[PDB]
Amino acid sequence: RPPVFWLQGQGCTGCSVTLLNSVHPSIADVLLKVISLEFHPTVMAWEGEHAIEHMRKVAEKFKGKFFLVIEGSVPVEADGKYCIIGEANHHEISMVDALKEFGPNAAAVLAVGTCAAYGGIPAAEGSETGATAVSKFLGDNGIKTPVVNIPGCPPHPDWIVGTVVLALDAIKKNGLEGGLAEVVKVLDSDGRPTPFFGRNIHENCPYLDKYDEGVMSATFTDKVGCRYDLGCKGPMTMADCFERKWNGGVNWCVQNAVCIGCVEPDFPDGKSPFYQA
Amino acid sequence: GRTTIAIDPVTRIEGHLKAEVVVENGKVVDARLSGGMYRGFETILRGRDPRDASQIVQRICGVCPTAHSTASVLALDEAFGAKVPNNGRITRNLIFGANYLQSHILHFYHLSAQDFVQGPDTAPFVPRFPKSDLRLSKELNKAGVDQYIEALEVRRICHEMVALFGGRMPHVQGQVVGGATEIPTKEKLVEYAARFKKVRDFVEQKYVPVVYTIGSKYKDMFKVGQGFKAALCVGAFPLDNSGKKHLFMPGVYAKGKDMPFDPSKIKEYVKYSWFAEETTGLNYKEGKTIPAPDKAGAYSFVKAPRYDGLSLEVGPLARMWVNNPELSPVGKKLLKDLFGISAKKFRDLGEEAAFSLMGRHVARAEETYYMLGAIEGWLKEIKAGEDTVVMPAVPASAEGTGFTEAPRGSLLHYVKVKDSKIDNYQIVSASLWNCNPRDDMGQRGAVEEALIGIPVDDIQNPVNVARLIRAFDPXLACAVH
Ligand code: SF4
Ligand code: SF4
Ligand code: FCO
Ligand SMILES: [Cl-]
Ligand SMILES: [Fe+2]
Ligand code: NI
Ligand SMILES: [S]
């Protein structure tokens, strides 16, 4: 079980909650059998300066071999004062600082959620914190650590867990450098694992017949027609929600209402207004 | 003889919180809480189609998104003039109430229980404080761990209930201005009730008992954490279409006195918050959010809300105290057996014990039980197949306010629409009421004050600082937004 540090910047913790909803494997199995989640402020036992010190002791022991999950975007305005994630040595730690410290020494960075991957809502029109995507922030600072984007607001648990297993199985078969190269090969131009983001929702939507017939729902509660006029962004969205659906398979956005394109890099503004085409 | 302790991050909460206390003669004598992360939803929302708000604002928090969804659609309902169908009112209650169960179960087991239970000998359950003050027997402790692990599946099932009519979770698609987007079918109501049975059983047989049990091993924790002993409830879960009967009814409790809830008496101070000096003292209808991250003297991105100048707390304790319902059966039983206390209604714990570190865990477990009956009712009240939504037009100019109770306390959204776009949007959230800094008058926030008097007999293992905080179930993403 490789060591994993989970750092939260400008996040809503939705990435962590969706992971707790993992079915196969259960979250208990992921934690106890797949990864060693050494730092995670929402669920870990210790606290404060000691939790940070523990992470540093593990980071220094496993330099170059630990995996760094980043939730939320990184605010660069005001010298990082818009996201303080901890304090050690009477020294406040910003997300900018923390990412410069640990980013270089990770085997890989998993930017989970649209905020970390692409900037998302904290980076949208009207914001003023300098919210920055992880891959951009690292490049801007000369950090060459590979980044895998697992977007979505939130991602499906299978997308996060699935990508970790994908990379761990690659690394077992081909070693660290070779395994990560095999991973990059299966990323699309937006950094996303094609197993989960390789198919367009609309092209696979069960209401595609109604769409072509031009039969549109006019009220949300009308489950016969296509949802396009209500605002469905399925036609511009790459995810497998039509197949694996959500929360143990009980529903998904297009059946219930509309797709809002939460996995795409221009979320939210490029997918807004949500409730008109 | 004064020692200052700083804890950043406070873990097993949601979001970014620094706690700084001064310890004197083995007790906290001063406290400051800093919400360290800001996003600025109230400015981000400006200029948008108002209907977008009921998706955007959920991203305030991924633990309680259905609460922000609810407050937003209620505010939009008033602004748009939308008459929500009766069946949609019930569907909303089913969507939202199911996350009350998830959030309360999540909090006690996966955030709070490690305060009292030693987990397996692997990360993230180790390492921890050498002297963690973990008092439980080997037998009860393993029961703790067994229930923690079971709670993982139970809370996942709660989100399955949410998603059945809500579309997915976190971040529901199923609540919009005008009602609910998916009519409950008989088939999916069975799927909802099937899961509800499993959660009910876990709540009645495991969660409520273990809170009383574990508390009995920590009776000193009922004698600290009283703070201001002042509470707020704004009402939640409409029981009719008149807007006057609710599962939790509004009310304020302060200085031993019950008083009605008047929202014009809410103001948000910013002297010790990182916002422009000129924006202080505002009611939410005139609220302003101008970040000032370098402003001297400030130490938090959380505004300081005050009710008529009062610093109040919110949450299950606040609601159960204000509403003073009947206690659960097993609560009466175990208060008798394990604490030598005779009680029928929630206030029979008395003010000192209810307003305590461990009392707030008790209030949360009791409320979880209380909610079981509400949901059962709505599963009977709902009419499979009946329409749940109206499709209202966007108003050119309007305002609305949505009031509800999030799992962690009172929540309101206010929206002002101008030119068919959002002109102002102001959020007064639950952990805002609990985890705020001093107001312009130097009065501390609710948890800042409740920390006063907490025991720290071992400055190197100061476990009671964060234990007290966790009893309030904080969510700093909600508090700052
Ligand atoms: S517009 Fe939306 S609902 Fe219609 S076919 Fe495409 S994905 Fe399906
Ligand atoms: S259906 Fe659309 S909005 Fe819903 S989770 Fe998938 S990509 Fe996101
Ligand atoms: N519950 C929840 Fe979130 C907070 N605090 C809100 O409101
Ligand atoms: Cl909620
Ligand atoms: Fe606010
Ligand atoms: Ni929250
Ligand atoms: S929350």
# chains A, B, ... in the order shown; residues from 1 in each chain; ligands from 1
call {"tool": "residues_near_ligand", "arguments": {"ligand": "ligand 2", "cutoff": "8 Å", "atoms": "only C-alpha atoms and all ligand atoms", "output": "PyMOL selection string"}}
result
(chain A and resi 152-156+201+233-234+237-242+245-246+252-254+258-264) or (chain B and resi 168+173)
call {"tool": "residues_around", "arguments": {"residues": "range 184-191 of chain A", "least_positions_apart": "5", "cutoff": "9 Å", "atoms": "only C-alpha atoms", "output": "list in words"}}
result
residues 117, 118, 146, 147, 148, 149, 150, 179, 197, 198, 264 and 265 of chain A
call {"tool": "write_last_selection", "arguments": {"atoms": "N, CA, C and O atoms", "output": "PDB file, in the first residue's frame"}}
result
ATOM      1  N   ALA A 117      -8.536  20.091 -10.954  1.00  0.00           N
ATOM      2  CA  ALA A 117      -8.131  19.758 -12.315  1.00  0.00           C
ATOM      3  C   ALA A 117      -8.100  20.994 -13.195  1.00  0.00           C
ATOM      4  O   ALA A 117      -7.114  21.241 -13.898  1.00  0.00           O
ATOM      5  N   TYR A 118      -9.160  21.806 -13.143  1.00  0.00           N
ATOM      6  CA  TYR A 118      -9.357  22.859 -14.125  1.00  0.00           C
ATOM      7  C   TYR A 118      -9.709  24.217 -13.533  1.00  0.00           C
ATOM      8  O   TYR A 118      -9.917  25.162 -14.302  1.00  0.00           O
ATOM      9  N   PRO A 146       4.278  14.386 -12.670  1.00  0.00           N
ATOM     10  CA  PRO A 146       3.106  14.106 -13.508  1.00  0.00           C
ATOM     11  C   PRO A 146       1.812  14.346 -12.743  1.00  0.00           C
ATOM     12  O   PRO A 146       1.734  14.123 -11.530  1.00  0.00           O
ATOM     13  N   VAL A 147       0.797  14.822 -13.467  1.00  0.00           N
ATOM     14  CA  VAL A 147      -0.529  15.087 -12.916  1.00  0.00           C
ATOM     15  C   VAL A 147      -1.553  14.277 -13.703  1.00  0.00           C
ATOM     16  O   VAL A 147      -1.549  14.293 -14.939  1.00  0.00           O
ATOM     17  N   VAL A 148      -2.409  13.557 -12.984  1.00  0.00           N
ATOM     18  CA  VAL A 148      -3.566  12.876 -13.549  1.00  0.00           C
ATOM     19  C   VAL A 148      -4.801  13.600 -13.023  1.00  0.00           C
ATOM     20  O   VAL A 148      -4.955  13.775 -11.806  1.00  0.00           O
ATOM     21  N   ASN A 149      -5.654  14.059 -13.936  1.00  0.00           N
ATOM     22  CA  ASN A 149      -6.887  14.744 -13.575  1.00  0.00           C
ATOM     23  C   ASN A 149      -8.044  13.761 -13.466  1.00  0.00           C
ATOM     24  O   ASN A 149      -8.301  12.982 -14.389  1.00  0.00           O
ATOM     25  N   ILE A 150      -8.740  13.804 -12.339  1.00  0.00           N
ATOM     26  CA  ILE A 150      -9.941  12.999 -12.150  1.00  0.00           C
ATOM     27  C   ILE A 150     -11.069  13.992 -11.894  1.00  0.00           C
ATOM     28  O   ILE A 150     -11.448  14.217 -10.737  1.00  0.00           O
ATOM     29  N   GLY A 179       5.323   2.141 -15.129  1.00  0.00           N
ATOM     30  CA  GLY A 179       3.900   2.099 -14.841  1.00  0.00           C
ATOM     31  C   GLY A 179       3.226   3.438 -15.071  1.00  0.00           C
ATOM     32  O   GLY A 179       2.138   3.502 -15.648  1.00  0.00           O
ATOM     33  N   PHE A 197     -13.711   8.659 -18.929  1.00  0.00           N
ATOM     34  CA  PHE A 197     -14.084   9.881 -19.623  1.00  0.00           C
ATOM     35  C   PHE A 197     -13.920   9.755 -21.136  1.00  0.00           C
ATOM     36  O   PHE A 197     -13.886  10.770 -21.841  1.00  0.00           O
ATOM     37  N   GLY A 198     -13.811   8.524 -21.649  1.00  0.00           N
ATOM     38  CA  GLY A 198     -13.583   8.314 -23.070  1.00  0.00           C
ATOM     39  C   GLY A 198     -14.817   8.357 -23.946  1.00  0.00           C
ATOM     40  O   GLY A 198     -14.688   8.423 -25.170  1.00  0.00           O
ATOM     41  N   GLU A 264     -16.322  18.833 -17.353  1.00  0.00           N
ATOM     42  CA  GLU A 264     -15.618  19.483 -18.454  1.00  0.00           C
ATOM     43  C   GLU A 264     -14.804  20.668 -17.948  1.00  0.00           C
ATOM     44  O   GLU A 264     -15.141  21.261 -16.920  1.00  0.00           O
ATOM     45  N   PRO A 265     -13.719  21.004 -18.660  1.00  0.00           N
ATOM     46  CA  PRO A 265     -12.812  22.058 -18.177  1.00  0.00           C
ATOM     47  C   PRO A 265     -13.433  23.425 -18.043  1.00  0.00           C
ATOM     48  O   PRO A 265     -12.914  24.239 -17.266  1.00  0.00           O
TER      49      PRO A 265
END
call {"tool": "residues_around", "arguments": {"residues": "range 438-451 of chain B", "least_positions_apart": "5", "cutoff": "7 Å", "atoms": "only C-alpha atoms", "output": "ChimeraX atom specification"}}
result
/B:28,31-33,225-228,269-272,304,311-313,468-469
call {"tool": "residues_around", "arguments": {"residues": "range 361-371 of chain B", "least_positions_apart": "2", "cutoff": "9 Å", "atoms": "only C-alpha atoms", "output": "number ranges by chain"}}
result
B: 97-98, 100-101, 104-105, 108, 112, 200, 203-204, 207-209, 211-212, 215, 247, 315-321, 325-328, 331, 346, 354, 356-359, 373-376, 407, 471-473
call {"tool": "select_by_dssp", "arguments": {"residues": "range 197-379 of chain B", "states": "alpha helix (DSSP H)", "output": "ChimeraX atom specification"}}
result
/B:197-202,208-216,316-323,329-339,350-354,357-379
call {"tool": "residues_near_ligand", "arguments": {"ligand": "ligand 6", "cutoff": "7 Å", "atoms": "only C-alpha atoms and all ligand atoms", "output": "list in words"}}
result
residues 61, 62, 63, 64, 65, 475, 477 and 478 of chain B
call {"tool": "write_last_selection", "arguments": {"atoms": "N, CA and C atoms", "output": "CSV table (one decimal), in the first residue's frame"}}
result
chain,number,residue,atom,x,y,z
B,61,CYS,N,-20.4,23.3,0.0
B,61,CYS,CA,-20.1,22.2,0.9
B,61,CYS,C,-20.6,20.9,0.3
B,62,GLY,N,-19.7,19.9,0.2
B,62,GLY,CA,-20.1,18.6,-0.3
B,62,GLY,C,-20.7,17.6,0.7
B,63,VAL,N,-20.7,18.1,2.0
B,63,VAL,CA,-21.3,17.2,3.1
B,63,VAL,C,-22.7,17.6,3.3
B,64,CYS,N,-23.1,18.9,3.2
B,64,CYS,CA,-24.4,19.4,3.4
B,64,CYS,C,-25.0,20.1,2.1
B,65,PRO,N,-24.8,19.6,0.9
B,65,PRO,CA,-25.2,20.3,-0.2
B,65,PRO,C,-26.7,20.4,-0.3
B,475,UNK,N,-18.1,22.8,9.9
B,475,UNK,CA,-17.9,22.7,8.5
B,475,UNK,C,-17.5,24.1,8.0
B,477,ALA,N,-16.1,25.2,5.3
B,477,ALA,CA,-16.6,25.5,4.0
B,477,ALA,C,-17.9,26.3,4.0
B,478,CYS,N,-18.8,25.7,4.8
B,478,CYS,CA,-20.1,26.4,5.0
B,478,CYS,C,-19.9,27.7,5.7
call {"tool": "residues_around", "arguments": {"residues": "residue 165 in chain A", "least_positions_apart": "3", "cutoff": "12 Å", "atoms": "only C-alpha atoms", "output": "PyMOL selection string"}}
result
chain A and resi 1-2+24-25+30+33-35+158-162+168-172+179+183+193
call {"tool": "write_last_selection", "arguments": {"atoms": "C-alpha atoms", "output": "compact mmCIF listing (two decimals), in the first residue's frame"}}
result
# COMPACT_ATOMS: atom_id res chain seq x y z
CA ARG A 1 0.00 0.00 0.00
CA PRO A 2 1.74 3.19 -1.15
CA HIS A 24 -16.75 -2.10 -5.22
CA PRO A 25 -14.30 -1.75 -3.50
CA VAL A 30 -9.56 0.90 -0.10
CA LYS A 33 -5.95 -2.91 1.56
CA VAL A 34 -5.20 -0.58 -1.38
CA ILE A 35 -3.54 2.63 -0.14
CA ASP A 158 -15.39 4.69 -9.37
CA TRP A 159 -13.46 7.35 -11.28
CA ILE A 160 -11.18 8.13 -8.34
CA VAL A 161 -10.76 4.59 -7.03
CA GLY A 162 -10.61 3.22 -10.56
CA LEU A 168 -1.15 0.74 -9.02
CA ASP A 169 -1.70 -2.24 -11.34
CA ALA A 170 0.37 -0.49 -14.00
CA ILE A 171 3.15 0.12 -11.47
CA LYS A 172 3.16 -3.49 -10.27
CA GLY A 179 3.90 2.10 -14.84
CA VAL A 183 -0.89 5.59 -17.30
CA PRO A 193 -8.39 8.51 -17.83
call {"tool": "closest_atom_pairs", "arguments": {"of": "chain B", "to": "ligand 3", "cutoff": "10 Å", "atoms": "only C-alpha atoms and all ligand atoms", "output": "Markdown table"}}
result
| residue | atom | partner | partner_atom_place_in_ligand_line | distance |
| --- | --- | --- | --- | --- |
| B:14 | CA | ligand 3 | 5 (N) | 8.9 |
| B:58 | CA | ligand 3 | 3 (Fe) | 9.6 |
| B:60 | CA | ligand 3 | 3 (Fe) | 8.1 |
| B:61 | CA | ligand 3 | 3 (Fe) | 6.3 |
| B:62 | CA | ligand 3 | 3 (Fe) | 8.6 |
| B:63 | CA | ligand 3 | 2 (C) | 6.9 |
| B:64 | CA | ligand 3 | 2 (C) | 4.5 |
| B:65 | CA | ligand 3 | 3 (Fe) | 7.3 |
| B:66 | CA | ligand 3 | 2 (C) | 8.8 |
| B:67 | CA | ligand 3 | 7 (O) | 6.1 |
| B:68 | CA | ligand 3 | 7 (O) | 6.5 |
| B:71 | CA | ligand 3 | 7 (O) | 9.0 |
| B:99 | CA | ligand 3 | 1 (N) | 9.4 |
| B:100 | CA | ligand 3 | 1 (N) | 8.3 |
| B:103 | CA | ligand 3 | 1 (N) | 7.5 |
| B:104 | CA | ligand 3 | 1 (N) | 9.2 |
| B:314 | CA | ligand 3 | 5 (N) | 9.0 |
| B:315 | CA | ligand 3 | 1 (N) | 8.1 |
| B:404 | CA | ligand 3 | 7 (O) | 8.6 |
| B:405 | CA | ligand 3 | 7 (O) | 7.2 |
| B:406 | CA | ligand 3 | 1 (N) | 4.2 |
| B:407 | CA | ligand 3 | 1 (N) | 4.0 |
| B:408 | CA | ligand 3 | 1 (N) | 3.8 |
| B:409 | CA | ligand 3 | 1 (N) | 6.2 |
| B:410 | CA | ligand 3 | 7 (O) | 6.5 |
| B:411 | CA | ligand 3 | 7 (O) | 4.9 |
| B:412 | CA | ligand 3 | 7 (O) | 7.9 |
| B:413 | CA | ligand 3 | 7 (O) | 9.7 |
| B:427 | CA | ligand 3 | 7 (O) | 8.7 |
| B:428 | CA | ligand 3 | 7 (O) | 7.7 |
| B:429 | CA | ligand 3 | 7 (O) | 4.2 |
| B:430 | CA | ligand 3 | 5 (N) | 4.0 |
| B:431 | CA | ligand 3 | 5 (N) | 3.7 |
| B:432 | CA | ligand 3 | 5 (N) | 6.7 |
| B:433 | CA | ligand 3 | 5 (N) | 8.3 |
| B:434 | CA | ligand 3 | 5 (N) | 8.2 |
| B:435 | CA | ligand 3 | 5 (N) | 9.0 |
| B:472 | CA | ligand 3 | 5 (N) | 9.1 |
| B:473 | CA | ligand 3 | 5 (N) | 7.6 |
| B:474 | CA | ligand 3 | 5 (N) | 5.9 |
| B:475 | CA | ligand 3 | 5 (N) | 4.7 |
| B:476 | CA | ligand 3 | 5 (N) | 7.0 |
| B:477 | CA | ligand 3 | 4 (C) | 7.5 |
| B:478 | CA | ligand 3 | 4 (C) | 4.5 |
| B:479 | CA | ligand 3 | 5 (N) | 6.0 |
| B:480 | CA | ligand 3 | 5 (N) | 9.5 |
| B:481 | CA | ligand 3 | 3 (Fe) | 9.8 |
call {"tool": "residues_around", "arguments": {"residues": "range 52-61 of chain A", "least_positions_apart": "6", "cutoff": "12 Å", "atoms": "only C-alpha atoms", "output": "number ranges by chain"}}
result
A: 2-7, 36-41, 44-46, 67-68, 85-89, 91-93, 98, 101-107; B: 7-11, 123-124, 126-129
call {"tool": "residues_near_ligand", "arguments": {"ligand": "ligand 1", "cutoff": "6 Å", "atoms": "only C-alpha atoms and all ligand atoms", "output": "list in words"}}
result
residues 201, 202, 205, 207, 208, 211, 226, 227, 228, 232, 234, 235 and 254 of chain A
call {"tool": "write_last_selection", "arguments": {"atoms": "C-alpha atoms", "output": "PDB file, in the first residue's frame"}}
result
ATOM      1  CA  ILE A 201     -22.892  11.015 -22.651  1.00  0.00           C
ATOM      2  CA  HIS A 202     -25.217  12.176 -25.428  1.00  0.00           C
ATOM      3  CA  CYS A 205     -27.877   8.538 -23.965  1.00  0.00           C
ATOM      4  CA  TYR A 207     -33.089   9.464 -24.819  1.00  0.00           C
ATOM      5  CA  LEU A 208     -31.084   9.860 -28.025  1.00  0.00           C
ATOM      6  CA  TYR A 211     -33.626  13.891 -29.303  1.00  0.00           C
ATOM      7  CA  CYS A 226     -35.256  14.496 -24.412  1.00  0.00           C
ATOM      8  CA  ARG A 227     -33.887  16.916 -21.818  1.00  0.00           C
ATOM      9  CA  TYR A 228     -32.104  19.170 -24.323  1.00  0.00           C
ATOM     10  CA  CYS A 232     -29.010  19.213 -20.873  1.00  0.00           C
ATOM     11  CA  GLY A 234     -24.919  15.809 -22.396  1.00  0.00           C
ATOM     12  CA  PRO A 235     -24.012  16.644 -26.008  1.00  0.00           C
ATOM     13  CA  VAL A 254     -30.186  13.069 -17.105  1.00  0.00           C
TER      14      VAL A 254
END
call {"tool": "residues_around", "arguments": {"residues": "residue 220 in chain A", "least_positions_apart": "4", "cutoff": "10 Å", "atoms": "only C-alpha atoms", "output": "compact mmCIF listing (two decimals) with N, CA, C and O atoms, in the first residue's frame"}}
result
# COMPACT_ATOMS: atom_id res chain seq x y z
N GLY A 225 -39.53 12.71 -22.86
CA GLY A 225 -38.82 13.46 -23.87
C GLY A 225 -37.36 13.63 -23.57
O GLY A 225 -36.87 13.34 -22.47
N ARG A 227 -34.08 15.83 -22.77
CA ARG A 227 -33.89 16.92 -21.82
C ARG A 227 -33.17 18.12 -22.42
O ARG A 227 -32.84 19.06 -21.68
N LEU A 230 -34.53 21.64 -21.75
CA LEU A 230 -34.42 22.00 -20.34
C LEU A 230 -32.99 22.39 -19.95
O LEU A 230 -32.79 22.89 -18.84
N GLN A 255 -31.61 11.30 -16.19
CA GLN A 255 -32.90 10.71 -15.82
C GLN A 255 -33.64 11.63 -14.85
O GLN A 255 -34.82 11.95 -15.03
N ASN A 256 -32.93 12.10 -13.82
CA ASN A 256 -33.53 12.88 -12.75
C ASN A 256 -33.88 14.29 -13.20
O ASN A 256 -34.93 14.83 -12.83
N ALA A 257 -33.02 14.90 -14.03
CA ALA A 257 -33.16 16.32 -14.36
C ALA A 257 -32.38 16.66 -15.63
O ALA A 257 -32.85 16.38 -16.73
N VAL A 258 -31.19 17.26 -15.49
CA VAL A 258 -30.31 17.52 -16.63
C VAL A 258 -28.87 17.27 -16.24
O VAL A 258 -28.51 17.32 -15.06
N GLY B 174 -32.03 17.26 -8.29
CA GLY B 174 -33.47 17.10 -8.24
C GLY B 174 -34.28 18.20 -7.59
O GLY B 174 -35.51 18.15 -7.63
N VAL B 176 -35.13 22.25 -7.68
CA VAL B 176 -35.09 23.44 -8.52
C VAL B 176 -36.16 24.38 -8.00
O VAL B 176 -37.06 23.99 -7.25
N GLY B 179 -40.10 23.23 -7.33
CA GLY B 179 -40.41 21.95 -6.73
C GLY B 179 -39.32 20.91 -6.81
O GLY B 179 -38.20 21.12 -6.31
N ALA B 180 -39.65 19.75 -7.37
CA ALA B 180 -38.73 18.63 -7.49
C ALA B 180 -38.86 18.05 -8.89
O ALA B 180 -39.97 17.91 -9.41
N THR B 181 -37.73 17.68 -9.47
CA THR B 181 -37.66 17.36 -10.88
C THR B 181 -38.10 15.94 -11.23
O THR B 181 -38.26 15.64 -12.42
N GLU B 182 -38.33 15.07 -10.25
CA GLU B 182 -38.65 13.67 -10.54
C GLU B 182 -39.78 13.21 -9.64
O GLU B 182 -39.64 13.22 -8.41
N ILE B 183 -40.88 12.78 -10.25
CA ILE B 183 -42.03 12.29 -9.48
C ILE B 183 -41.66 10.97 -8.81
O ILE B 183 -41.12 10.07 -9.47
N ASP B 387 -47.63 14.97 -9.74
CA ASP B 387 -46.62 15.90 -10.21
C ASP B 387 -45.98 16.66 -9.05
O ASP B 387 -46.63 16.97 -8.05
N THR B 388 -44.70 16.96 -9.20
CA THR B 388 -43.89 17.52 -8.13
C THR B 388 -43.29 18.88 -8.44
O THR B 388 -42.55 19.42 -7.60
N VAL B 389 -43.55 19.45 -9.62
CA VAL B 389 -42.84 20.64 -10.07
C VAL B 389 -43.76 21.54 -10.89
O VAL B 389 -44.67 21.09 -11.58
N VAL B 390 -43.49 22.85 -10.80
CA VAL B 390 -44.01 23.84 -11.73
C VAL B 390 -42.80 24.47 -12.42
O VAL B 390 -41.68 24.43 -11.91
N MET B 391 -43.04 25.05 -13.59
CA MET B 391 -41.97 25.63 -14.40
C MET B 391 -42.15 27.15 -14.47
O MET B 391 -42.76 27.67 -15.41
call {"tool": "closest_residue", "arguments": {"among": "A:90, A:63, A:210, A:100", "to": "chain B", "atoms": "only C-alpha atoms"}}
result
A:90
call {"tool": "select_by_dssp", "arguments": {"residues": "range 38-204 of chain A", "states": "strand (DSSP E or B)", "output": "PyMOL selection string"}}
result
chain A and resi 38-39+66-71+73-75+83-88+91-94+106-112+131-132+147-150+187+193+200
call {"tool": "closest_residue", "arguments": {"among": "A:274, A:145, A:236, A:17", "to": "ligand 7", "atoms": "only C-alpha atoms and all ligand atoms"}}
result
A:17
call {"tool": "atom_distance", "arguments": {"atom1": "CA of residue 296 in chain B", "atom2": "CA of residue 265 in chain B"}}
result
27.9 Å
call {"tool": "atom_distance", "arguments": {"atom1": "CA of residue 222 in chain B", "atom2": "CA of residue 355 in chain B"}}
result
7.9 Å
call {"tool": "closest_residue", "arguments": {"among": "B:392, B:297, B:26, B:178", "to": "residue 2 in chain B", "atoms": "only C-alpha atoms"}}
result
B:26
call {"tool": "closest_residue", "arguments": {"among": "A:108, A:277, A:95, A:69", "to": "chain B", "atoms": "only C-alpha atoms"}}
result
A:95
